[PDB]
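Novice: Have a peek at final07.cif (mmCIF, C-alpha atoms and all ligand atoms).
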```
data_query
#
loop_
_atom_site.label_atom_id
_atom_site.label_comp_id
_atom_site.auth_asym_id
_atom_site.auth_seq_id
_atom_site.Cartn_x
_atom_site.Cartn_y
_atom_site.Cartn_z
CA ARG A 1 28.63 1.00 -31.87
CA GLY A 2 24.77 1.08 -31.11
CA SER A 3 23.41 4.68 -31.57
CA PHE A 4 22.83 5.01 -27.75
CA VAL A 5 26.39 3.90 -26.90
CA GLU A 6 27.29 6.99 -24.91
CA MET A 7 24.49 6.25 -22.38
CA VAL A 8 25.65 2.61 -21.77
CA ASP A 9 27.28 2.15 -18.40
CA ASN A 10 26.09 5.57 -17.09
CA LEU A 11 24.88 4.16 -13.72
CA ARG A 12 26.98 3.26 -10.64
CA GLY A 13 26.10 1.87 -7.14
CA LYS A 14 28.46 1.92 -4.01
CA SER A 15 28.25 -1.43 -2.28
CA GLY A 16 24.69 -1.97 -3.49
CA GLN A 17 22.97 1.09 -1.80
CA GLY A 18 21.13 2.52 -4.86
CA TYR A 19 21.84 3.05 -8.55
CA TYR A 20 22.65 6.65 -9.51
CA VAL A 21 23.39 8.74 -12.59
CA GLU A 22 25.40 12.02 -12.78
CA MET A 23 23.22 15.14 -13.30
CA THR A 24 24.48 18.64 -13.86
CA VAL A 25 22.41 21.52 -12.41
CA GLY A 26 22.73 25.29 -12.56
CA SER A 27 25.14 27.68 -14.11
CA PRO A 28 28.08 27.47 -13.83
CA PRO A 29 27.71 23.68 -13.60
CA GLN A 30 27.31 21.67 -10.41
CA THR A 31 27.36 17.87 -11.02
CA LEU A 32 25.82 15.58 -8.37
CA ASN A 33 25.11 11.87 -8.21
CA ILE A 34 21.37 11.26 -8.36
CA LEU A 35 19.60 8.06 -7.39
CA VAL A 36 17.26 6.75 -10.19
CA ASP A 37 13.80 6.06 -8.64
CA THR A 38 10.92 4.91 -10.75
CA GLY A 39 8.80 4.68 -7.57
CA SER A 40 8.43 8.49 -6.96
CA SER A 41 8.01 11.71 -8.94
CA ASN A 42 10.07 14.52 -7.31
CA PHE A 43 13.57 15.55 -8.42
CA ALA A 44 15.32 16.62 -5.23
CA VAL A 45 18.96 17.27 -4.34
CA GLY A 46 20.87 17.67 -1.05
CA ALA A 47 21.33 21.46 -0.76
CA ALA A 48 22.97 21.80 2.70
CA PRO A 49 25.69 19.94 4.62
CA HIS A 50 24.83 16.49 5.84
CA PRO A 51 27.23 13.89 7.38
CA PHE A 52 26.49 11.40 4.58
CA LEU A 53 26.92 13.87 1.71
CA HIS A 54 30.28 14.57 -0.04
CA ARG A 55 28.81 17.34 -2.25
CA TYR A 56 25.53 19.35 -2.34
CA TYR A 57 23.76 21.86 -4.50
CA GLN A 58 24.69 25.54 -3.74
CA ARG A 59 21.87 27.65 -5.10
CA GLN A 60 23.56 30.97 -4.42
CA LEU A 61 26.28 30.03 -6.95
CA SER A 62 23.86 29.24 -9.78
CA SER A 63 22.86 32.36 -11.68
CA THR A 64 19.95 30.54 -13.38
CA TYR A 65 18.30 29.32 -10.16
CA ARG A 66 14.74 30.62 -9.79
CA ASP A 67 13.00 30.47 -6.37
CA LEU A 68 9.41 29.21 -6.50
CA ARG A 69 8.82 30.53 -2.89
CA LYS A 70 7.25 27.31 -1.71
CA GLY A 71 8.36 24.55 0.69
CA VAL A 72 8.02 20.81 -0.02
CA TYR A 73 8.04 17.71 2.21
CA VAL A 74 8.17 14.12 0.86
CA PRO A 75 7.76 11.04 2.98
CA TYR A 76 8.57 7.63 1.54
CA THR A 77 8.17 4.07 2.79
CA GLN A 78 11.74 4.54 4.12
CA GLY A 79 12.81 8.06 5.22
CA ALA A 80 11.50 11.56 4.40
CA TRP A 81 12.97 14.97 3.57
CA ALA A 82 11.95 18.60 3.56
CA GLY A 83 13.19 21.48 1.39
CA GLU A 84 12.42 24.41 -0.92
CA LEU A 85 11.17 24.40 -4.46
CA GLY A 86 12.73 26.31 -7.37
CA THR A 87 13.77 25.65 -10.98
CA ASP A 88 17.17 25.50 -12.58
CA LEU A 89 18.87 24.19 -15.78
CA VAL A 90 19.52 20.46 -15.68
CA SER A 91 21.43 18.18 -18.08
CA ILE A 92 22.53 14.53 -17.79
CA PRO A 93 26.10 14.46 -19.31
CA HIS A 94 25.92 10.73 -20.04
CA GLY A 95 22.20 11.00 -20.94
CA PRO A 96 20.44 12.83 -23.74
CA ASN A 97 22.17 15.75 -25.46
CA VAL A 98 19.69 18.41 -24.22
CA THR A 99 19.30 20.82 -21.25
CA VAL A 100 15.97 21.57 -19.65
CA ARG A 101 14.62 23.96 -17.03
CA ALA A 102 13.19 21.54 -14.43
CA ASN A 103 11.61 21.91 -11.00
CA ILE A 104 14.14 21.00 -8.26
CA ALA A 105 13.55 20.56 -4.60
CA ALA A 106 16.55 21.65 -2.55
CA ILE A 107 16.73 19.29 0.43
CA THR A 108 17.66 21.18 3.59
CA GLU A 109 16.73 18.59 6.27
CA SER A 110 16.00 14.89 6.14
CA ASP A 111 15.36 11.80 8.31
CA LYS A 112 16.70 8.39 7.41
CA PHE A 113 16.84 9.28 3.68
CA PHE A 114 20.47 9.67 2.75
CA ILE A 115 22.44 6.43 3.13
CA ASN A 116 25.99 6.55 4.50
CA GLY A 117 28.53 5.41 1.93
CA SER A 118 26.05 5.26 -0.97
CA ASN A 119 27.71 8.04 -2.92
CA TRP A 120 24.36 9.64 -4.05
CA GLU A 121 23.24 13.11 -3.11
CA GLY A 122 19.75 13.41 -4.52
CA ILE A 123 16.83 11.50 -6.14
CA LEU A 124 15.31 11.51 -9.65
CA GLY A 125 11.55 10.56 -9.33
CA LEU A 126 10.75 9.12 -12.80
CA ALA A 127 7.05 8.33 -12.15
CA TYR A 128 4.06 10.51 -12.99
CA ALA A 129 2.77 13.79 -11.60
CA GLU A 130 -0.22 12.19 -9.79
CA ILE A 131 2.07 11.19 -6.92
CA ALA A 132 4.39 14.29 -6.83
CA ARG A 133 4.45 16.57 -3.72
CA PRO A 134 3.08 19.06 -3.01
CA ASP A 135 0.64 17.98 -5.69
CA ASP A 136 0.25 17.01 -9.28
CA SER A 137 0.79 20.53 -10.56
CA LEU A 138 4.58 20.15 -9.86
CA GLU A 139 5.75 18.85 -13.31
CA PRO A 140 8.21 15.90 -12.85
CA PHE A 141 11.59 15.94 -14.53
CA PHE A 142 10.86 13.43 -17.34
CA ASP A 143 7.65 15.30 -18.19
CA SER A 144 9.73 18.52 -18.56
CA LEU A 145 12.24 16.72 -20.72
CA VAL A 146 9.56 15.41 -23.11
CA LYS A 147 7.64 18.73 -23.26
CA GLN A 148 10.74 20.87 -23.82
CA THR A 149 12.79 18.70 -26.23
CA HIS A 150 12.50 16.16 -29.03
CA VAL A 151 13.50 13.26 -26.78
CA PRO A 152 11.05 10.37 -27.23
CA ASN A 153 8.81 9.65 -24.25
CA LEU A 154 10.60 6.39 -23.18
CA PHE A 155 13.51 5.35 -21.02
CA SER A 156 14.95 1.95 -20.18
CA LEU A 157 16.99 0.66 -17.24
CA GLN A 158 19.54 -2.17 -16.90
CA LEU A 159 20.52 -2.42 -13.17
CA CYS A 160 23.56 -4.74 -12.92
CA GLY A 161 23.71 -6.31 -9.52
CA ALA A 162 26.58 -8.10 -7.76
CA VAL A 163 27.35 -2.40 -9.14
CA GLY A 164 26.49 -0.31 -12.25
CA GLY A 165 24.11 -0.39 -15.20
CA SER A 166 22.62 1.81 -17.91
CA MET A 167 19.76 4.31 -18.15
CA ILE A 168 18.97 4.74 -21.86
CA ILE A 169 16.79 7.89 -22.28
CA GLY A 170 14.83 8.16 -25.45
CA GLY A 171 15.33 4.58 -26.76
CA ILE A 172 16.52 1.03 -26.25
CA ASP A 173 20.01 -0.35 -26.59
CA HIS A 174 19.95 -3.94 -27.91
CA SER A 175 23.28 -4.85 -26.38
CA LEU A 176 21.74 -4.72 -22.89
CA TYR A 177 19.45 -7.74 -23.22
CA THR A 178 19.12 -11.23 -24.80
CA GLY A 179 15.99 -12.83 -26.29
CA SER A 180 12.77 -10.94 -26.89
CA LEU A 181 11.17 -8.05 -25.01
CA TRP A 182 7.73 -8.82 -23.64
CA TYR A 183 5.39 -5.99 -22.62
CA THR A 184 2.75 -5.46 -19.90
CA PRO A 185 0.33 -2.52 -19.85
CA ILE A 186 0.89 0.35 -17.43
CA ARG A 187 -2.53 0.13 -15.74
CA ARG A 188 -2.69 3.68 -14.71
CA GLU A 189 -0.14 6.60 -14.93
CA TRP A 190 0.78 7.33 -11.26
CA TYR A 191 3.29 4.86 -10.09
CA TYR A 192 4.40 2.45 -12.88
CA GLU A 193 1.45 0.17 -11.92
CA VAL A 194 1.23 -3.32 -13.50
CA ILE A 195 -0.92 -6.43 -12.95
CA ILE A 196 0.50 -9.72 -11.70
CA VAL A 197 -1.74 -12.65 -12.66
CA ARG A 198 0.09 -15.73 -11.27
CA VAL A 199 3.05 -16.52 -9.04
CA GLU A 200 5.13 -19.72 -9.11
CA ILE A 201 7.94 -20.93 -6.84
CA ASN A 202 10.04 -23.50 -8.71
CA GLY A 203 7.26 -24.20 -11.23
CA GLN A 204 4.68 -24.61 -8.43
CA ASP A 205 1.71 -22.22 -8.57
CA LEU A 206 1.03 -20.45 -5.26
CA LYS A 207 -2.70 -20.61 -6.20
CA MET A 208 -3.89 -17.41 -4.49
CA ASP A 209 -6.56 -15.43 -6.03
CA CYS A 210 -4.80 -12.94 -8.37
CA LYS A 211 -6.57 -10.08 -6.60
CA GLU A 212 -4.27 -10.81 -3.59
CA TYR A 213 -1.08 -10.31 -5.64
CA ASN A 214 -2.28 -6.74 -6.61
CA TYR A 215 -3.83 -5.65 -3.31
CA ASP A 216 -3.75 -2.67 -3.29
CA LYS A 217 -1.36 -2.09 -6.22
CA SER A 218 1.74 -3.72 -7.87
CA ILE A 219 4.42 -1.22 -9.07
CA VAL A 220 7.84 -1.30 -10.65
CA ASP A 221 10.23 0.75 -8.35
CA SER A 222 13.96 1.11 -8.79
CA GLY A 223 14.45 3.16 -5.60
CA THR A 224 13.20 0.19 -3.36
CA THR A 225 15.70 -2.63 -2.76
CA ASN A 226 13.45 -5.61 -2.19
CA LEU A 227 10.61 -7.52 -3.77
CA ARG A 228 7.89 -6.43 -1.27
CA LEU A 229 4.68 -8.56 -1.14
CA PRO A 230 1.36 -7.95 0.58
CA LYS A 231 0.98 -9.79 3.99
CA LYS A 232 -0.97 -12.88 2.80
CA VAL A 233 1.17 -13.27 -0.27
CA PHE A 234 4.44 -12.88 1.62
CA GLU A 235 3.38 -15.49 4.28
CA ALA A 236 2.33 -17.90 1.49
CA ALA A 237 5.45 -17.36 -0.60
CA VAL A 238 7.86 -17.90 2.38
CA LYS A 239 6.06 -21.15 3.24
CA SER A 240 6.56 -22.28 -0.32
CA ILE A 241 10.17 -21.17 -0.63
CA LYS A 242 11.00 -22.96 2.70
CA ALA A 243 9.36 -26.15 1.43
CA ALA A 244 11.40 -25.94 -1.80
CA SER A 245 14.77 -25.37 -0.13
CA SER A 246 14.21 -28.00 2.58
CA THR A 247 17.52 -29.76 2.10
CA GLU A 248 18.96 -27.00 4.37
CA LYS A 249 17.26 -25.44 7.28
CA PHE A 250 17.71 -21.74 8.19
CA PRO A 251 16.49 -19.89 11.22
CA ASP A 252 13.02 -18.27 10.97
CA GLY A 253 14.57 -14.79 11.24
CA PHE A 254 16.54 -15.38 8.02
CA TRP A 255 13.23 -15.32 6.07
CA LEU A 256 12.19 -12.08 7.93
CA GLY A 257 15.41 -10.36 6.89
CA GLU A 258 16.60 -10.23 10.56
CA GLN A 259 19.47 -12.82 10.35
CA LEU A 260 22.14 -13.16 7.76
CA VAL A 261 23.74 -16.48 6.68
CA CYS A 262 27.32 -16.54 5.44
CA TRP A 263 29.14 -19.05 3.28
CA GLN A 264 32.92 -19.29 2.68
CA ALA A 265 33.78 -17.17 -0.39
CA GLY A 266 32.65 -18.96 -3.58
CA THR A 267 30.59 -21.79 -2.10
CA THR A 268 26.96 -20.50 -1.75
CA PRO A 269 24.72 -23.38 -2.71
CA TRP A 270 22.50 -21.42 -5.09
CA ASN A 271 20.91 -24.71 -6.36
CA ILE A 272 19.18 -25.38 -3.05
CA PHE A 273 17.03 -22.22 -3.41
CA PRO A 274 14.09 -22.10 -5.86
CA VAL A 275 13.43 -19.76 -8.82
CA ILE A 276 10.56 -17.42 -8.52
CA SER A 277 8.21 -16.48 -11.43
CA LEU A 278 5.79 -13.67 -11.68
CA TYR A 279 3.25 -13.77 -14.64
CA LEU A 280 2.22 -10.43 -15.89
CA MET A 281 -0.70 -9.37 -18.06
CA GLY A 282 0.31 -9.20 -21.71
CA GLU A 283 -0.65 -6.92 -24.58
CA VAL A 284 -3.31 -9.17 -26.10
CA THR A 285 -6.55 -10.35 -24.49
CA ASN A 286 -6.06 -13.42 -22.38
CA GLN A 287 -2.33 -13.59 -23.03
CA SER A 288 0.38 -13.27 -20.30
CA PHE A 289 4.12 -13.85 -19.98
CA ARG A 290 6.38 -14.71 -17.06
CA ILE A 291 9.55 -13.33 -15.63
CA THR A 292 11.68 -15.63 -13.47
CA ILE A 293 14.42 -14.58 -11.07
CA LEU A 294 17.13 -16.61 -9.34
CA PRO A 295 18.27 -16.62 -5.73
CA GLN A 296 21.17 -14.54 -6.98
CA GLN A 297 18.56 -11.75 -7.38
CA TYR A 298 16.59 -12.30 -4.10
CA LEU A 299 19.60 -13.16 -1.79
CA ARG A 300 21.59 -9.96 -1.54
CA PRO A 301 25.23 -9.67 -0.46
CA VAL A 302 26.10 -7.64 2.64
CA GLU A 303 29.95 -6.55 2.30
CA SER A 304 36.87 -11.72 4.88
CA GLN A 305 36.75 -15.05 3.06
CA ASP A 306 32.95 -14.89 4.00
CA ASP A 307 29.99 -14.20 1.60
CA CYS A 308 27.10 -13.01 3.86
CA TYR A 309 23.54 -12.72 2.42
CA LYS A 310 20.21 -11.21 3.47
CA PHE A 311 16.93 -12.61 2.12
CA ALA A 312 15.44 -9.61 0.25
CA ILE A 313 11.75 -10.57 -0.22
CA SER A 314 9.80 -8.79 2.44
CA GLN A 315 6.33 -7.79 3.64
CA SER A 316 4.40 -4.70 2.55
CA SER A 317 1.07 -3.21 3.57
CA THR A 318 0.98 -0.98 0.50
CA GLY A 319 0.94 -3.64 -2.35
CA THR A 320 3.54 -5.50 -4.38
CA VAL A 321 6.69 -3.51 -5.02
CA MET A 322 8.93 -4.97 -7.73
CA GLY A 323 12.16 -3.34 -6.53
CA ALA A 324 15.81 -3.96 -7.44
CA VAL A 325 15.49 -7.69 -6.61
CA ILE A 326 13.21 -7.90 -9.70
CA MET A 327 14.85 -5.27 -11.80
CA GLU A 328 18.39 -6.74 -11.57
CA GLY A 329 17.26 -9.80 -13.54
CA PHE A 330 16.03 -7.76 -16.55
CA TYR A 331 16.43 -4.91 -18.98
CA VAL A 332 13.18 -2.95 -18.25
CA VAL A 333 11.73 -0.60 -20.80
CA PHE A 334 9.47 2.21 -19.52
CA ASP A 335 7.64 2.89 -22.76
CA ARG A 336 5.57 5.77 -21.56
CA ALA A 337 4.48 6.71 -25.11
CA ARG A 338 2.74 3.30 -25.55
CA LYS A 339 1.68 2.99 -21.86
CA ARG A 340 3.59 -0.23 -21.37
CA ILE A 341 6.60 -1.74 -19.60
CA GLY A 342 8.87 -4.27 -21.38
CA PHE A 343 11.07 -6.97 -19.78
CA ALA A 344 13.87 -8.93 -21.37
CA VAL A 345 16.62 -10.97 -19.78
CA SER A 346 19.46 -8.64 -18.81
CA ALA A 347 22.86 -9.19 -20.46
CA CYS A 348 24.49 -8.35 -17.05
CA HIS A 349 22.26 -10.29 -14.62
CA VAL A 350 24.04 -12.50 -12.04
CA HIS A 351 23.54 -16.23 -12.66
CA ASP A 352 25.50 -19.51 -12.58
CA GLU A 353 26.33 -22.24 -15.12
CA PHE A 354 23.07 -24.15 -14.33
CA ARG A 355 20.21 -21.52 -14.36
CA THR A 356 19.54 -18.06 -15.86
CA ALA A 357 16.82 -15.51 -15.23
CA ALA A 358 14.12 -15.82 -17.93
CA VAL A 359 11.29 -13.98 -19.69
CA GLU A 360 8.97 -16.45 -21.47
CA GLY A 361 5.59 -16.46 -23.07
CA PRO A 362 2.91 -16.43 -24.21
CA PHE A 363 0.62 -18.16 -21.66
CA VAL A 364 -3.12 -18.17 -21.63
CA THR A 365 -4.67 -16.59 -18.55
CA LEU A 366 -8.35 -15.76 -18.37
CA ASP A 367 -10.23 -12.91 -16.51
CA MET A 368 -7.11 -10.82 -15.92
CA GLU A 369 -9.15 -7.63 -15.87
CA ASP A 370 -10.52 -8.82 -12.49
CA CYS A 371 -7.01 -9.01 -10.79
CA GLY A 372 -6.65 -5.25 -10.32
CA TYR A 373 -7.70 -3.39 -7.23
CA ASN A 374 -10.33 -0.65 -7.48
CA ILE A 375 -9.92 2.60 -5.23
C1 LIG B 1 5.52 8.34 -3.77
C2 LIG B 1 5.55 7.55 -2.49
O1 LIG B 1 4.97 7.98 -1.26
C3 LIG B 1 6.68 6.70 -2.18
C4 LIG B 1 7.45 6.05 -3.09
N1 LIG B 1 8.26 5.24 -2.40
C5 LIG B 1 9.19 4.26 -2.88
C6 LIG B 1 10.52 4.98 -3.35
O2 LIG B 1 11.28 4.16 -4.21
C7 LIG B 1 11.42 5.27 -2.10
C8 LIG B 1 12.59 6.16 -2.51
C9 LIG B 1 13.78 6.29 -1.56
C10 LIG B 1 15.07 6.28 -2.14
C11 LIG B 1 16.22 6.35 -1.20
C12 LIG B 1 16.00 6.44 0.20
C13 LIG B 1 14.70 6.44 0.72
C14 LIG B 1 13.57 6.29 -0.09
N2 LIG B 1 12.03 4.08 -1.65
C15 LIG B 1 11.77 3.50 -0.36
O3 LIG B 1 10.89 3.95 0.33
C16 LIG B 1 12.61 2.42 0.03
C17 LIG B 1 14.03 2.42 -0.17
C18 LIG B 1 14.85 1.37 0.19
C19 LIG B 1 16.28 1.47 -0.03
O4 LIG B 1 17.14 1.03 0.78
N3 LIG B 1 16.64 2.01 -1.26
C20 LIG B 1 18.01 2.07 -1.71
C21 LIG B 1 18.33 3.51 -2.19
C22 LIG B 1 18.39 1.05 -2.79
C23 LIG B 1 19.45 0.15 -2.50
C24 LIG B 1 19.71 -0.84 -3.49
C25 LIG B 1 18.99 -0.72 -4.66
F1 LIG B 1 19.27 -1.65 -5.61
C26 LIG B 1 17.94 0.16 -4.92
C27 LIG B 1 17.53 1.04 -3.97
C28 LIG B 1 14.40 0.20 0.87
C29 LIG B 1 12.93 0.24 1.01
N4 LIG B 1 12.26 -0.93 1.67
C30 LIG B 1 11.05 -0.66 2.54
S1 LIG B 1 12.82 -2.43 1.47
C31 LIG B 1 13.96 -2.80 2.80
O5 LIG B 1 11.60 -3.29 1.57
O6 LIG B 1 13.59 -2.52 0.25
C32 LIG B 1 12.05 1.25 0.67
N5 LIG B 1 7.87 5.30 -1.11
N6 LIG B 1 6.84 6.18 -0.96
CL CL B 2 27.24 27.30 -17.26
CL CL B 3 8.79 0.67 -0.98
#
```
Rewrite the structure of this file - the entire thing - as structure tokens.

Specialist:
Amino acid sequence: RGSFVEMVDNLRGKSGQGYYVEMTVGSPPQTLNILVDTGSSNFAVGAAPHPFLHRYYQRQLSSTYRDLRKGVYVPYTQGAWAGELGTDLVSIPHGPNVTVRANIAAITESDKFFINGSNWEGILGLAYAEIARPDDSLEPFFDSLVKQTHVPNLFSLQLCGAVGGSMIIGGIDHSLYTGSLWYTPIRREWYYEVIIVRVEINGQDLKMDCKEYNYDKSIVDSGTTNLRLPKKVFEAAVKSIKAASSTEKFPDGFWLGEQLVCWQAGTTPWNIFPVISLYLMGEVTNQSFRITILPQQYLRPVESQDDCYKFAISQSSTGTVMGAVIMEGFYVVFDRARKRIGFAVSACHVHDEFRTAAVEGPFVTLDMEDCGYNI
């Protein structure tokens, strides 16, 4: 009975290979499953046969498709695609009750982008126009939705790991979280860039300079699976996580994501692995808060009577990426109207009877305006 009830439970995932929402494009309607990605800013849909796609967009059957007569290519950290730009009517049947004319890239060729078995056929880039291809003149979908309709300029995501979740567009649903929401500023509107001001592994501060945790940016990115950390931070965090979980030894490759470890169904010794906290800059001077995840968020299942896991914190050379490993702990509010991102503990996050993910505050942290990187 909350007012946003019909958007609850509108996301699915097939064996953990990306969270997607149904979107209906063109006229008469063509509904496709679209991956939700807050790490990019193009709306693009498979528009030609591919071995991994069950369905694709057929422009010649949509009477409202308009050709913008321009190609587009988008490379990501993983994979890339190429296609043709146009516009068409778009609605989200378990989203807001509106229809907008949005730009759409029709994917005609791709490399290592579509994932076999994932059940999604396109991508919804929810970040800002600064990072869209071919350039920032190509209005992203959520910008079209806010400009064309009354829908408030905010959306929130609850990614429920193991796969489903909720994308609430235009508000917050209080059933999806417990405790209070705590907000960090969006530093700049391009990616959803935030500032991380301290990192702890089981209560123990990693003690790096905060400028290392944000070198060269820290972003919130639902289309990236892992928590990705810059080189020096990743090396330092692995050394600390190893030291904390030293009652069991694992091969070096397990911490590089190259070996899996499996336990008999139901027996994974979660308690031997530490919690991990990131402190983020708060909304008042000198004030911060911390979000804490469990090994149930950073050890991810790979699908016998065997539970196999991959360690899903990994190295980046393009900054901190708070991917699904972070987002599955939390209900995350992308309050674009107030230029801030809110975290609360997710009502669906995976935990055990001893430990829960957490969002706590306030803490005092001085000189946070010096943590960010300057281009
Ligand atoms: C604007 C810019 O240039 C850009 C932005 N991004 C980050 C985007 O989120 C892109 C979007 C995307 C979505 C599907 C397939 C390929 C790429 N994401 C990635 O580049 C990406 C995508 C993935 C990936 O497997 N994503 C899948 C769909 C996924 C699977 C589970 C899940 F919970 C969430 C996402 C993994 C990674 N890594 C490098 S990793 C092993 O460290 O987690 C990166 N990269 N470059
Ligand atoms: Cl129609
Ligand atoms: Cl990434």

Novice: So which one's closest to ligand CL 3 (chain B), A:37, A:67, A:370, A:173? Using only C-alpha atoms and all ligand atoms, please.

Specialist: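 Using only C-alpha atoms and all ligand atoms, the shortest distance to ligand CL 3 (chain B) belongs to A:37.
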
Novice: Pick the closest to ligand LIG 1 (chain B) from A:23, A:227, A:138, A:47: which is it, counting all atoms listed in the file?

Specialist: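 Using all atoms listed in the file, ligand LIG 1 (chain B) sits closest to A:227.
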
Novice: Could the residues that lie within 7 Å of ligand CL 2 (chain B), counting only C-alpha atoms and all ligand atoms, be listed as a PyMOL selection string?

Specialist: chain A and resi 26-29

Novice: Please list as a PyMOL selection string every residue within 7 Å of residue 9 (chain A), counting only C-alpha atoms and excluding residues in the same chain fewer than 3 positions away.

Specialist: chain A and resi 164-166

Novice: At a cut-off of 9 Å around ligand LIG 1 (chain B), and using all atoms listed in the file, what residues come up? Please write them as a PyMOL selection string.

Specialist: chain A and resi 13+15-19+35-42+74-80+112-115+118+120+122-123+125+127+131-133+159+161+163+190-191+221-228+257+312-316+321+323-325+327-328

Novice: Which one is closest to residue 130 (chain A): A:309, A:373, A:192, A:354? Count all atoms listed in the file.

Specialist: A:192
